[PDB]
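To start, the structure under review is shown below, and the notes come after it.
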Amino acid sequence: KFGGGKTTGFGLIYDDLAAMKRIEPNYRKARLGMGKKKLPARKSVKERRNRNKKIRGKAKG
Amino acid sequence: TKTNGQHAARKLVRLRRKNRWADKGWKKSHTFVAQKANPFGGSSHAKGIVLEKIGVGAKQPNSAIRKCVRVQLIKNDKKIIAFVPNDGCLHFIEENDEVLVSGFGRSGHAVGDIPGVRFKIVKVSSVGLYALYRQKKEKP
Amino acid sequence: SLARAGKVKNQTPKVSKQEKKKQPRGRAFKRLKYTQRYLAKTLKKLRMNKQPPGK
Amino acid sequence: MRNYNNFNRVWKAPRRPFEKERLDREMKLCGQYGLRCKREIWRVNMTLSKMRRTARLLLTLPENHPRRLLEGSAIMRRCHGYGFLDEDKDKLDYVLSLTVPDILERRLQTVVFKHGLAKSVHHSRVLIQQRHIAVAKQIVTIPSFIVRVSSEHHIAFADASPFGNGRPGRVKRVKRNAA
Amino acid sequence: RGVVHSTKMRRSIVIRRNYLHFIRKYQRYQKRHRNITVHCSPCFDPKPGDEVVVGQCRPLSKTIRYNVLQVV
RNA sequence: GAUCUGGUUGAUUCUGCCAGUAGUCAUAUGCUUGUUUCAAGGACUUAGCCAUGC
RNA sequence: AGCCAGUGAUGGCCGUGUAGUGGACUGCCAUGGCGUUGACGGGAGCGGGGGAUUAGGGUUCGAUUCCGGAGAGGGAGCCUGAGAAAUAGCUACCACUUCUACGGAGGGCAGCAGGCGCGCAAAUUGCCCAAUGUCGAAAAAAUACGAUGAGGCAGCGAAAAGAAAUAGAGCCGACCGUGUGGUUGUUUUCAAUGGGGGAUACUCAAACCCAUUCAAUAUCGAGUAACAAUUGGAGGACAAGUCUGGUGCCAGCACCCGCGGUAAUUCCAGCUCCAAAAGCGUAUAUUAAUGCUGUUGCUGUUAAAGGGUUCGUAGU
Ligand SMILES: [K+]
Ligand SMILES: [K+]
Ligand SMILES: [K+]
Ligand SMILES: [K+]
Ligand SMILES: [K+]
Ligand SMILES: [Mg+2]
Ligand SMILES: [Mg+2]
Ligand SMILES: [Mg+2]
Ligand SMILES: [Mg+2]
Ligand SMILES: [Mg+2]
Ligand SMILES: [Mg+2]
Ligand SMILES: [Mg+2]
Ligand SMILES: [Mg+2]
Ligand SMILES: [Mg+2]
Ligand SMILES: [Mg+2]
Ligand SMILES: [Mg+2]
Ligand SMILES: [Mg+2]
Ligand SMILES: [Mg+2]
Ligand SMILES: [Mg+2]
Ligand SMILES: [Mg+2]
Ligand SMILES: [Mg+2]
Ligand SMILES: [Mg+2]
Ligand SMILES: [Mg+2]
Ligand SMILES: [Mg+2]
Ligand SMILES: [Mg+2]
Ligand SMILES: [Mg+2]
Ligand SMILES: [Mg+2]
Ligand SMILES: [Mg+2]
Ligand SMILES: [Mg+2]
Ligand SMILES: [Mg+2]
Ligand SMILES: [Mg+2]
Ligand SMILES: [Mg+2]
Ligand code: NA
Ligand code: NA
Ligand code: NA
Ligand code: NA
Ligand code: NA
Ligand code: NA
Ligand code: NA
Ligand code: NA
C-alpha cells in the first residue's frame, strides 16, 4: 500500500506435499527450489526442426 | 427570395449546389486545379538544390535588396524563388547546397514588400538556419 | 548587389551579458510576482515598467 | 495496437489570450491559493462548465420527469458531499450559482492551512508534498485532493512522519552521523 | 402495392411506386419513384392507371421477383 | 463564450474583402527538457524491390 | 442528353447446366426495357460502428484495433477436400530475378525483425509461451516438459493524454510606501524533502518499472541548496519601456497597418519588464470566428446582382 505498513497478496494451502507437486506450476515451484531443469533456448529448437524438414528416415528425419 | 414550399426540398438542394461555386474559398478546396499549379504537391515543406543567389528589390515605398535564392525542387524539378531571413544568413548558403523550403504565412500569396516571393529557407545541409544564426550549431 | 550582407550585425560592438543571482521557479515565481503587484504597495493604477526620464 | 485503455483532457485554454481584466483576476487567485500555474484554474473552469451544462438541461425539462428525478438528485448529492453547497440549498437552481472560489476552498492545500497545521498556503503545499499529512490514516501527497465533509475532521499529521510518531528526519540523522 | 404503368409484354406488366423522401437539413420533402416488373396471370386483366397488390416470390426472370395477387 | 478587433476619408456613415484570434488521438520541422503513469508508431509517395533468420 | 439488340438488349415456350432459382446458357417467338424525380459518360473514393468543432441548425474527417468486402508482382486455369478458383498449394505466359561442372534447377515479406529506394514523413535482424486463445491422437504428474513473430513482455518513442519538483519558517542591520502594520536586500539558524546510492527483500516466466525502507540488536546523502528553466515578445490589433549604445531608405524588421536618410517607442545589442511554462515558436491542411452559402438566416433603386416583352410544359 502507498505510504503505509500494509501488504496484500494471494495464498494457497495444499492438503499434502504430493498434491502440491502435482498441481503447482513449474515457475512457482522453482521459486522454492525443487523445479525441473531449464530446457534449451527456443531458437535452437526452431533451427533444428527446420533443418530436419529436408531429411527422410533416420538421421532425425 | 427563395421558395419556402414544404415539398420543395429538391429545389432548395439544387439552388445551394449551384451557388456554392461562387466563393473562391470553397471552389479552391474542391477543384484540384490549384494543387497542380502548386510547386509543392500539396505538402507543407519540400527539399531542393540551390542554383543561384539573387537580389530582389523591394516594392516602391520601401528601398532595399532582399537577398533571395533560386532553388530547383527534387521531387518534380520545378524552379522557385525563396527568401533567406535574418541578418547575414546568406553566407551560410553555397551553390549546389541542399536546402529545406517552407511557405510564407499566406498560403501561396506573396507577403511583404518582396514582389513575387512566397517561400523561405528553413534548413541548409540538414542543420537548421535559425540555429546557425544563433550560433547553436556549426555547418557540417 | 549582394556585397553588403550582414553589415550591421558585424558592425555592432560586442557587449557581454552580466551575471546575476538566479530567480525562483515554479510556484515560488508566481509568489514573487504577486507580492510585487498587490503587496509591497498600498494603492488608494500601477505601471509595471516605468523608466527614468531621458532625452 | 489492440489496446483499449481510454484517456481524455481536463482543461481548455481561454479565447482572447490578452485581456487585462481576466489576467488581473487570475493573478489574484494564484497568489491567494498558492497555485503553480494557470492550468490549475482552467482545470477548475472545465468541471464547473460540465456541472452547469448538465443543470441547464434538467431545468429545461419539466418537473417530475424521470431523468430530472434521478440525475437531479445525483448531482445535488455530489455537491453536498464535497462541501460546494450547504445543506439548506436543495433546489438544483443553486448549482448554477457555483463559482471558481467555491471549489478552490475544498482543496487539501487550503484545508490544511485553515485547520492551522501550516502557517501559509505556501508552507502547506510543501508539507503535503513531503509526506506529512494523513486524511484518514492514509498518507495523501496530492495538493489538488478534494476533501469531503465527512473527512474534514480526520486530517492530522501522519504516524510515519517526524512531526508525528516517526523517526527523526534527514537533518538530525546526518548531524548524528557526523558526530 | 403500386399503380399499373404499362402492359406491353406477354404476361408481364410494369408498376410504379411513388413516395416522399425527407431531407433533414431543409426539413422538407421531395418526390421520388421506382419502377418494378411483375408477372401477371391471365385471370387478371389490368389496364394502365389501375391499382394492384403484389407478393414476393422466387426469381422468375432476370428482373422479375413479384407476382400479382389482387387487382383493385 | 449565443462576444469580436486593425486597414479605403481632410473628417463622417456604409458595402466588402484582406489581416488578426482559439482548437485538432493532425502531420512535419526548430530550440529546450529533472521525476512518474498511460499510449499511437513506413497509411499518404512506390499494391515499389528484397540478403538473412523465424 | 439520349442508353440498350449482329454476338441478350426487355418478356414468353420446351430444354441444358448448377447444390439450387434465374437470359446463367442453346433453339424459336414478340418489340420491348431505362431516362431532366438527371439515365449513359467522366472525376475523387474500400462501406459502416465512429472522430474533430459544440447555443441550435450545421461543416468536415474515417488507410488504421470491432463488423463486412477484396487481394497476395500482373493477370488466367485447376487438383484435393464438407468447405479454396487457396498462393509460406499446383500449371503456363509476361516483367523482374538466384545457383551451375552450361546438361539443368530454383523465386514471390501488402506475416515478425531487418535492408535498398522514395520522400517533409515513421522503432529491435530482442525475451517468452507465465497470461488470453487456436489446432490436435492431447488434463497434470510420474521410468515421462506439444506447436504458436497469433499473443504477451521489455528496448526506441516531447504523436497525444493524467499527476506533479526547482524550496519552507524566523532573528538582526540597512532600506521601501501607507500611516505599526504590508516587503525588498546581506551576514545569518533550523528543521524538512525528493532527484540520486543501495537492500532482509517485493515484483516478474526471468529481468525491468512502480510501491516499502535508510534499523527490527545492527543501514548514505542539498546551501551560490553550480541539483543553476526555457521559448517568444515590449508602436497598434495585443499583456509589457516616451531607458542606454550602434547603424543611417544601408543592414534588416514587418502575418496586416507600417519602421529605417543623424534624437529609430519597430533594425543590431545591454539592462529592465510581459505572457505561459517542462514546454514554446514556424509551415500546410481543416473546424469555429462567417447571418462572407443564409432551411432556422443574406443581398438585388444608386455599392455585385430582376430576364427586352408576352405565351407556356415539367415542377412548386
Ligand atoms: K425454365
Ligand atoms: K476434410
Ligand atoms: K500459450
Ligand atoms: K542614434
Ligand atoms: K451579403
Ligand atoms: Mg518516510
Ligand atoms: Mg487635406
Ligand atoms: Mg483507392
Ligand atoms: Mg475504414
Ligand atoms: Mg491510398
Ligand atoms: Mg492509429
Ligand atoms: Mg499499419
Ligand atoms: Mg483470396
Ligand atoms: Mg510487392
Ligand atoms: Mg491464386
Ligand atoms: Mg509470404
Ligand atoms: Mg516487414
Ligand atoms: Mg500429459
Ligand atoms: Mg509429450
Ligand atoms: Mg504482432
Ligand atoms: Mg507529460
Ligand atoms: Mg534544474
Ligand atoms: Mg530515491
Ligand atoms: Mg529591443
Ligand atoms: Mg512594440
Ligand atoms: Mg498595452
Ligand atoms: Mg502567424
Ligand atoms: Mg536610440
Ligand atoms: Mg468555416
Ligand atoms: Mg454564428
Ligand atoms: Mg449596380
Ligand atoms: Mg425589367
Ligand atoms: Na473609396
Ligand atoms: Na522515484
Ligand atoms: Na526512477
Ligand atoms: Na470516405
Ligand atoms: Na474482412
Ligand atoms: Na506467381
Ligand atoms: Na515522426
Ligand atoms: Na458560415
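Labels used: A, B, ... for chains in the order of the C-alpha cells, numbers from 1 for residues in each chain, and numbers from 1 for ligands as shown.
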With a cut-off of 7 Å and counting only C-alpha atoms, select all residues of chain B in contact with chain C and give the selection as a compact mmCIF listing (two decimals) with N, CA, C and O atoms, in the first residue's frame.
# COMPACT_ATOMS: atom_id res chain seq x y z
N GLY B 55 19.44 39.01 -55.85
CA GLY B 55 18.93 40.10 -55.04
C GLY B 55 17.67 40.68 -55.65
O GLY B 55 17.65 41.04 -56.83
N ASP B 87 19.64 38.71 -40.44
CA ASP B 87 20.84 39.44 -40.81
C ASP B 87 21.96 38.49 -41.19
O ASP B 87 22.17 37.46 -40.55
N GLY B 88 22.71 38.86 -42.22
CA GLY B 88 23.66 37.92 -42.78
C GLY B 88 22.90 36.75 -43.36
O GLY B 88 22.02 36.91 -44.22
Return the neighbours of chain D among the residues of chain G, cut-off 10 Å, counting only C-alpha atoms (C1' of nucleotides), as a PyMOL selection string.
chain G and resi 64-65+160-165+167-169+190-194+214+220-221+238-239+275-277
Which residues sit within 9 Å of ligand 30, counting only C-alpha atoms (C1' of nucleotides) and all ligand atoms, listed as a ChimeraX atom specification?
/F:2 /G:288-291
Selection from above, N, CA, C and O atoms (P, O5', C5', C4', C3', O3' and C1' of nucleotides), as a PDB file, in the first residue's frame, can you write it?
ATOM      1  P     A F   2     -22.268  30.123 -24.770  1.00  0.00           P
ATOM      2  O5'   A F   2     -23.061  30.657 -26.042  1.00  0.00           O
ATOM      3  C5'   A F   2     -22.448  30.672 -27.326  1.00  0.00           C
ATOM      4  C4'   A F   2     -23.038  31.721 -28.239  1.00  0.00           C
ATOM      5  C3'   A F   2     -22.986  33.158 -27.730  1.00  0.00           C
ATOM      6  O3'   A F   2     -22.811  34.028 -28.844  1.00  0.00           O
ATOM      7  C1'   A F   2     -25.212  32.575 -28.188  1.00  0.00           C
TER       8        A F   2
ATOM      9  P     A G 288     -17.236  25.664 -39.678  1.00  0.00           P
ATOM     10  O5'   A G 288     -17.061  26.489 -38.331  1.00  0.00           O
ATOM     11  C5'   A G 288     -17.682  26.071 -37.124  1.00  0.00           C
ATOM     12  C4'   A G 288     -17.232  26.911 -35.957  1.00  0.00           C
ATOM     13  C3'   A G 288     -17.391  28.407 -36.129  1.00  0.00           C
ATOM     14  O3'   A G 288     -18.716  28.839 -35.888  1.00  0.00           O
ATOM     15  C1'   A G 288     -15.253  27.934 -35.240  1.00  0.00           C
ATOM     16  P     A G 289     -19.200  30.261 -36.435  1.00  0.00           P
ATOM     17  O5'   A G 289     -18.433  31.290 -35.497  1.00  0.00           O
ATOM     18  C5'   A G 289     -18.403  32.671 -35.799  1.00  0.00           C
ATOM     19  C4'   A G 289     -17.118  33.308 -35.343  1.00  0.00           C
ATOM     20  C3'   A G 289     -16.678  34.518 -36.142  1.00  0.00           C
ATOM     21  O3'   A G 289     -17.347  35.701 -35.758  1.00  0.00           O
ATOM     22  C1'   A G 289     -14.856  33.056 -35.895  1.00  0.00           C
ATOM     23  P     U G 290     -18.200  36.532 -36.831  1.00  0.00           P
ATOM     24  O5'   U G 290     -18.929  35.427 -37.711  1.00  0.00           O
ATOM     25  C5'   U G 290     -20.024  35.787 -38.547  1.00  0.00           C
ATOM     26  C4'   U G 290     -20.227  34.825 -39.692  1.00  0.00           C
ATOM     27  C3'   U G 290     -20.198  33.341 -39.332  1.00  0.00           C
ATOM     28  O3'   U G 290     -21.183  32.651 -40.096  1.00  0.00           O
ATOM     29  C1'   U G 290     -18.589  33.790 -41.005  1.00  0.00           C
ATOM     30  P     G G 291     -22.650  32.415 -39.491  1.00  0.00           P
ATOM     31  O5'   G G 291     -23.543  33.531 -40.189  1.00  0.00           O
ATOM     32  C5'   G G 291     -23.659  33.601 -41.604  1.00  0.00           C
ATOM     33  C4'   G G 291     -24.403  34.836 -42.047  1.00  0.00           C
ATOM     34  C3'   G G 291     -23.839  36.152 -41.523  1.00  0.00           C
ATOM     35  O3'   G G 291     -23.883  37.147 -42.542  1.00  0.00           O
ATOM     36  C1'   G G 291     -26.114  35.932 -40.870  1.00  0.00           C
TER      37        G G 291
END
All residues 12 Å or closer to residue 97 in chain G, only C-alpha atoms (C1' of nucleotides), same chain fewer than 4 positions away omitted, as number ranges by chain
F: 49-50; G: 73, 106-108
Do me a favour and pick out the residues of chain G within 9 Å of chain C, using only C-alpha atoms (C1' of nucleotides), as a PyMOL selection string.
chain G and resi 165-167+176-178+182-184+224+228-229+240-243+245-247+250-252+263+267-270+272-274+277
Fewer than 3 positions away in the same chain doesn't count, so skip those; otherwise give me all residues within 9 Å of residue 11 in chain E, counting only C-alpha atoms (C1' of nucleotides), as a PyMOL selection string.
(chain E and resi 7-8+38-42) or (chain G and resi 11-12)
Produce a file of the selected residues containing C-alpha atoms (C1' of nucleotides), as a PDB file, in the first residue's frame.
ATOM      1  CA  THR E   7     -48.908  -3.727 -70.084  1.00  0.00           C
ATOM      2  CA  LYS E   8     -46.929  -4.326 -73.276  1.00  0.00           C
ATOM      3  CA  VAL E  38     -44.020  -8.255 -62.148  1.00  0.00           C
ATOM      4  CA  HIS E  39     -45.722 -11.355 -63.539  1.00  0.00           C
ATOM      5  CA  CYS E  40     -49.473 -11.243 -64.193  1.00  0.00           C
ATOM      6  CA  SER E  41     -51.697 -14.296 -64.541  1.00  0.00           C
ATOM      7  CA  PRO E  42     -54.400 -14.412 -67.241  1.00  0.00           C
TER       8      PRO E  42
ATOM      9  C1'   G G  11     -40.511 -10.545 -71.823  1.00  0.00           C
ATOM     10  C1'   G G  12     -42.707 -15.742 -73.373  1.00  0.00           C
TER      11        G G  12
END
Return as number ranges by chain the residues belonging to chain B that are within 8 Å of chain E, counting only C-alpha atoms.
B: 5-10, 12
As a list in words, please: every protein or nucleic acid residue near ligand 3 (cut-off 8 Å, counting only C-alpha atoms (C1' of nucleotides) and all ligand atoms).
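So the residues close to ligand 3 are residues 129, 131, 133 and 148 of chain G.
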As a PDB file with N, CA, C and O atoms (P, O5', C5', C4', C3', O3' and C1' of nucleotides), in the first residue's frame, could you give me every residue of chain G near chain A (at most 7 Å apart, counting only C-alpha atoms (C1' of nucleotides))?
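The file below, selection-v8.pdb, is the result:
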ATOM      1  P     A G 140      -0.967 -31.795 -19.744  1.00  0.00           P
ATOM      2  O5'   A G 140      -0.386 -31.688 -18.267  1.00  0.00           O
ATOM      3  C5'   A G 140      -0.529 -30.503 -17.498  1.00  0.00           C
ATOM      4  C4'   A G 140      -0.468 -30.812 -16.025  1.00  0.00           C
ATOM      5  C3'   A G 140       0.672 -31.720 -15.593  1.00  0.00           C
ATOM      6  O3'   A G 140       1.878 -31.012 -15.378  1.00  0.00           O
ATOM      7  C1'   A G 140      -1.354 -32.506 -14.670  1.00  0.00           C
ATOM      8  P     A G 141       3.289 -31.675 -15.748  1.00  0.00           P
ATOM      9  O5'   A G 141       3.480 -32.819 -14.657  1.00  0.00           O
ATOM     10  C5'   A G 141       3.595 -32.511 -13.276  1.00  0.00           C
ATOM     11  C4'   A G 141       3.478 -33.753 -12.432  1.00  0.00           C
ATOM     12  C3'   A G 141       4.470 -34.860 -12.750  1.00  0.00           C
ATOM     13  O3'   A G 141       5.710 -34.672 -12.093  1.00  0.00           O
ATOM     14  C1'   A G 141       2.288 -35.764 -12.628  1.00  0.00           C
ATOM     15  P     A G 205       4.907 -13.593 -14.510  1.00  0.00           P
ATOM     16  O5'   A G 205       6.137 -14.581 -14.713  1.00  0.00           O
ATOM     17  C5'   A G 205       6.060 -15.939 -14.309  1.00  0.00           C
ATOM     18  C4'   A G 205       7.154 -16.764 -14.936  1.00  0.00           C
ATOM     19  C3'   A G 205       8.575 -16.276 -14.709  1.00  0.00           C
ATOM     20  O3'   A G 205       9.109 -16.750 -13.486  1.00  0.00           O
ATOM     21  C1'   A G 205       8.250 -16.828 -17.000  1.00  0.00           C
ATOM     22  P     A G 211       6.953   5.003  -6.889  1.00  0.00           P
ATOM     23  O5'   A G 211       6.386   4.120  -5.693  1.00  0.00           O
ATOM     24  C5'   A G 211       4.993   4.047  -5.438  1.00  0.00           C
ATOM     25  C4'   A G 211       4.636   2.812  -4.650  1.00  0.00           C
ATOM     26  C3'   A G 211       5.318   2.649  -3.303  1.00  0.00           C
ATOM     27  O3'   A G 211       4.718   3.424  -2.281  1.00  0.00           O
ATOM     28  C1'   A G 211       5.402   0.606  -4.479  1.00  0.00           C
TER      29        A G 211
END
For chain B, work out the contacting residues on chain F at 10 Å, counting only C-alpha atoms (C1' of nucleotides), and write them as a list in words.
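Matching residues, ligands excluded from the count: residues 19, 27, 28, 29, 30, 31 and 45 of chain F.
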Mind writing the picked residues with N, CA, C and O atoms (P, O5', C5', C4', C3', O3' and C1' of nucleotides) as a PDB file, in the first residue's frame?
ATOM      1  P     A F  19      -5.477  36.948 -45.741  1.00  0.00           P
ATOM      2  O5'   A F  19      -5.075  37.684 -44.389  1.00  0.00           O
ATOM      3  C5'   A F  19      -3.804  38.298 -44.246  1.00  0.00           C
ATOM      4  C4'   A F  19      -3.711  39.145 -43.002  1.00  0.00           C
ATOM      5  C3'   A F  19      -3.956  38.457 -41.674  1.00  0.00           C
ATOM      6  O3'   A F  19      -2.886  37.647 -41.229  1.00  0.00           O
ATOM      7  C1'   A F  19      -5.088  40.509 -41.691  1.00  0.00           C
ATOM      8  P     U F  27      -1.962  12.165 -37.397  1.00  0.00           P
ATOM      9  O5'   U F  27      -0.648  12.276 -38.293  1.00  0.00           O
ATOM     10  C5'   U F  27       0.485  13.022 -37.866  1.00  0.00           C
ATOM     11  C4'   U F  27       1.155  13.713 -39.027  1.00  0.00           C
ATOM     12  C3'   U F  27       2.567  14.225 -38.797  1.00  0.00           C
ATOM     13  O3'   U F  27       3.566  13.222 -38.867  1.00  0.00           O
ATOM     14  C1'   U F  27       1.300  15.908 -39.841  1.00  0.00           C
ATOM     15  P     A F  28       4.942  13.400 -38.055  1.00  0.00           P
ATOM     16  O5'   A F  28       5.739  14.613 -38.833  1.00  0.00           O
ATOM     17  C5'   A F  28       6.490  14.343 -39.978  1.00  0.00           C
ATOM     18  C4'   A F  28       7.030  15.635 -40.560  1.00  0.00           C
ATOM     19  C3'   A F  28       7.913  16.182 -39.776  1.00  0.00           C
ATOM     20  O3'   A F  28       9.281  15.706 -40.122  1.00  0.00           O
ATOM     21  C1'   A F  28       6.297  17.872 -40.298  1.00  0.00           C
ATOM     22  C1'   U F  29      10.427  20.891 -38.668  1.00  0.00           C
ATOM     23  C3'   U F  29      12.443  19.711 -38.392  1.00  0.00           C
ATOM     24  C4'   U F  29      11.762  19.248 -39.669  1.00  0.00           C
ATOM     25  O3'   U F  29      13.856  19.695 -38.474  1.00  0.00           O
ATOM     26  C5'   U F  29      11.678  17.757 -39.879  1.00  0.00           C
ATOM     27  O5'   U F  29      10.929  17.129 -38.851  1.00  0.00           O
ATOM     28  P     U F  29      10.420  15.630 -38.997  1.00  0.00           P
ATOM     29  P     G F  30      14.740  19.572 -37.141  1.00  0.00           P
ATOM     30  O5'   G F  30      14.637  21.007 -36.462  1.00  0.00           O
ATOM     31  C5'   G F  30      15.266  22.142 -37.039  1.00  0.00           C
ATOM     32  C4'   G F  30      15.087  23.375 -36.188  1.00  0.00           C
ATOM     33  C3'   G F  30      15.514  23.261 -34.737  1.00  0.00           C
ATOM     34  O3'   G F  30      16.912  23.396 -34.565  1.00  0.00           O
ATOM     35  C1'   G F  30      13.407  24.320 -34.858  1.00  0.00           C
ATOM     36  P     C F  31      17.661  22.619 -33.378  1.00  0.00           P
ATOM     37  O5'   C F  31      17.303  23.464 -32.081  1.00  0.00           O
ATOM     38  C5'   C F  31      17.821  24.772 -31.901  1.00  0.00           C
ATOM     39  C4'   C F  31      17.166  25.472 -30.740  1.00  0.00           C
ATOM     40  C3'   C F  31      17.267  24.784 -29.392  1.00  0.00           C
ATOM     41  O3'   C F  31      18.518  24.966 -28.757  1.00  0.00           O
ATOM     42  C1'   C F  31      15.055  25.499 -29.730  1.00  0.00           C
ATOM     43  P     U F  45      -0.416   9.206 -52.092  1.00  0.00           P
ATOM     44  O5'   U F  45       0.674  10.081 -52.864  1.00  0.00           O
ATOM     45  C5'   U F  45       1.920  10.422 -52.263  1.00  0.00           C
ATOM     46  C4'   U F  45       3.100   9.928 -53.063  1.00  0.00           C
ATOM     47  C3'   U F  45       3.024   8.466 -53.492  1.00  0.00           C
ATOM     48  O3'   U F  45       3.664   8.281 -54.755  1.00  0.00           O
ATOM     49  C1'   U F  45       4.904   8.781 -52.089  1.00  0.00           C
TER      50        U F  45
END
Surrounding residues of residue 7 in chain F excluding itself and chain neighbours under 6 positions, 9 Å, only C-alpha atoms (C1' of nucleotides), as a ChimeraX atom specification:
/F:18-19 /G:256-257
Filtering to N, CA and C atoms (P, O5', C5', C4', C3', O3' and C1' of nucleotides), could you give me those residues as a PDB file, in the first residue's frame?
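Output file result-v1.pdb follows:
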ATOM      1  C1'   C F  18      -7.605  41.201 -46.754  1.00  0.00           C
ATOM      2  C3'   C F  18      -6.739  39.020 -46.720  1.00  0.00           C
ATOM      3  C4'   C F  18      -7.424  39.262 -48.051  1.00  0.00           C
ATOM      4  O3'   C F  18      -5.637  38.138 -46.805  1.00  0.00           O
ATOM      5  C5'   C F  18      -8.345  38.173 -48.539  1.00  0.00           C
ATOM      6  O5'   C F  18      -9.483  38.031 -47.704  1.00  0.00           O
ATOM      7  P     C F  18     -10.800  37.319 -48.237  1.00  0.00           P
ATOM      8  P     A F  19      -5.477  36.948 -45.741  1.00  0.00           P
ATOM      9  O5'   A F  19      -5.075  37.684 -44.389  1.00  0.00           O
ATOM     10  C5'   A F  19      -3.804  38.298 -44.246  1.00  0.00           C
ATOM     11  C4'   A F  19      -3.711  39.145 -43.002  1.00  0.00           C
ATOM     12  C3'   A F  19      -3.956  38.457 -41.674  1.00  0.00           C
ATOM     13  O3'   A F  19      -2.886  37.647 -41.229  1.00  0.00           O
ATOM     14  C1'   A F  19      -5.088  40.509 -41.691  1.00  0.00           C
TER      15        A F  19
ATOM     16  P     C G 256       1.823  40.846 -44.634  1.00  0.00           P
ATOM     17  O5'   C G 256       0.682  41.826 -44.122  1.00  0.00           O
ATOM     18  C5'   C G 256      -0.606  41.832 -44.717  1.00  0.00           C
ATOM     19  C4'   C G 256      -1.547  42.731 -43.959  1.00  0.00           C
ATOM     20  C3'   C G 256      -1.128  44.186 -43.846  1.00  0.00           C
ATOM     21  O3'   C G 256      -1.475  44.947 -44.989  1.00  0.00           O
ATOM     22  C1'   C G 256      -1.781  43.385 -41.724  1.00  0.00           C
ATOM     23  P     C G 257      -0.551  46.169 -45.463  1.00  0.00           P
ATOM     24  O5'   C G 257      -0.735  47.268 -44.328  1.00  0.00           O
ATOM     25  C5'   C G 257      -1.983  47.912 -44.133  1.00  0.00           C
ATOM     26  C4'   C G 257      -1.972  48.818 -42.927  1.00  0.00           C
ATOM     27  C3'   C G 257      -0.874  49.861 -42.868  1.00  0.00           C
ATOM     28  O3'   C G 257      -1.136  50.978 -43.698  1.00  0.00           O
ATOM     29  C1'   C G 257      -1.138  48.851 -40.743  1.00  0.00           C
TER      30        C G 257
END
As a VMD selection string, please: every protein or nucleic acid residue near ligand 5 (cut-off 9 Å, counting only C-alpha atoms (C1' of nucleotides) and all ligand atoms).
(chain F and resid 15 to 16) or (chain G and resid 291 to 292 298 to 299)
Residues of chain G within 9 Å of chain E, counting only C-alpha atoms (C1' of nucleotides), as a PDB file with C-alpha atoms (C1' of nucleotides), in the first residue's frame:
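And here is the file that came out, out_12.pdb:
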ATOM      1  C1'   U G  10     -36.905  -6.397 -72.067  1.00  0.00           C
ATOM      2  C1'   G G  11     -40.511 -10.545 -71.823  1.00  0.00           C
ATOM      3  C1'   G G  12     -42.707 -15.742 -73.373  1.00  0.00           C
ATOM      4  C1'   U G  21     -33.526 -20.073 -58.709  1.00  0.00           C
ATOM      5  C1'   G G  22     -32.641 -17.295 -62.863  1.00  0.00           C
ATOM      6  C1'   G G  23     -31.179 -14.842 -70.422  1.00  0.00           C
ATOM      7  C1'   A G  30     -42.908 -10.725 -79.760  1.00  0.00           C
ATOM      8  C1'   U G  31     -40.858  -5.309 -79.579  1.00  0.00           C
ATOM      9  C1'   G G  32     -39.862  -4.305 -75.639  1.00  0.00           C
ATOM     10  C1'   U G  37     -37.548  12.683 -59.891  1.00  0.00           C
ATOM     11  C1'   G G  57     -29.222  24.155 -37.101  1.00  0.00           C
ATOM     12  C1'   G G  58     -24.664  22.580 -39.418  1.00  0.00           C
ATOM     13  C1'   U G 295     -33.845  25.626 -44.090  1.00  0.00           C
TER      14        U G 295
END
Around ligand 2, at most 9 Å away and counting only C-alpha atoms (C1' of nucleotides) and all ligand atoms, which residues are there? Put them as a list in words, please.
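So the residues close to ligand 2 are residues 81, 82 and 83 of chain G.
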I need the chosen residues saved as a PDB file, in the first residue's frame, with N, CA and C atoms (P, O5', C5', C4', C3', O3' and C1' of nucleotides).
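Saved result, selection.pdb, follows:
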ATOM      1  P     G G  81     -10.395 -36.124 -52.252  1.00  0.00           P
ATOM      2  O5'   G G  81     -10.361 -35.410 -50.835  1.00  0.00           O
ATOM      3  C5'   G G  81     -11.562 -35.060 -50.178  1.00  0.00           C
ATOM      4  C4'   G G  81     -11.423 -33.771 -49.417  1.00  0.00           C
ATOM      5  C3'   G G  81     -12.730 -33.086 -49.070  1.00  0.00           C
ATOM      6  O3'   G G  81     -13.368 -33.662 -47.945  1.00  0.00           O
ATOM      7  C1'   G G  81     -11.251 -31.502 -49.987  1.00  0.00           C
ATOM      8  P     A G  82     -14.721 -34.512 -48.124  1.00  0.00           P
ATOM      9  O5'   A G  82     -15.801 -33.417 -48.518  1.00  0.00           O
ATOM     10  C5'   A G  82     -17.174 -33.593 -48.219  1.00  0.00           C
ATOM     11  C4'   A G  82     -17.801 -32.287 -47.813  1.00  0.00           C
ATOM     12  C3'   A G  82     -17.149 -31.047 -48.394  1.00  0.00           C
ATOM     13  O3'   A G  82     -17.595 -30.783 -49.712  1.00  0.00           O
ATOM     14  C1'   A G  82     -17.528 -30.747 -46.075  1.00  0.00           C
ATOM     15  P     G G  83     -16.990 -29.567 -50.559  1.00  0.00           P
ATOM     16  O5'   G G  83     -17.613 -28.280 -49.863  1.00  0.00           O
ATOM     17  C5'   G G  83     -17.435 -26.989 -50.408  1.00  0.00           C
ATOM     18  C4'   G G  83     -16.979 -26.008 -49.362  1.00  0.00           C
ATOM     19  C3'   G G  83     -15.713 -25.252 -49.703  1.00  0.00           C
ATOM     20  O3'   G G  83     -15.977 -24.150 -50.548  1.00  0.00           O
ATOM     21  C1'   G G  83     -15.615 -26.029 -47.461  1.00  0.00           C
TER      22        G G  83
END
Close residues to ligand 18 using only C-alpha atoms (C1' of nucleotides) and all ligand atoms, limit 10 Å, as a count of residues only:
7
Show me which residues are within 10 Å of ligand 9 counting only C-alpha atoms (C1' of nucleotides) and all ligand atoms, and format the list as a list in words.
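These are the residues that qualify: residues 46, 47, 48, 50, 62, 63 and 64 of chain G.
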Based on the backbone DSSP call, show me all residues of range 10-173 of chain D assigned strand (DSSP E), as a PyMOL selection string.
chain D and resi 133-134+156-157
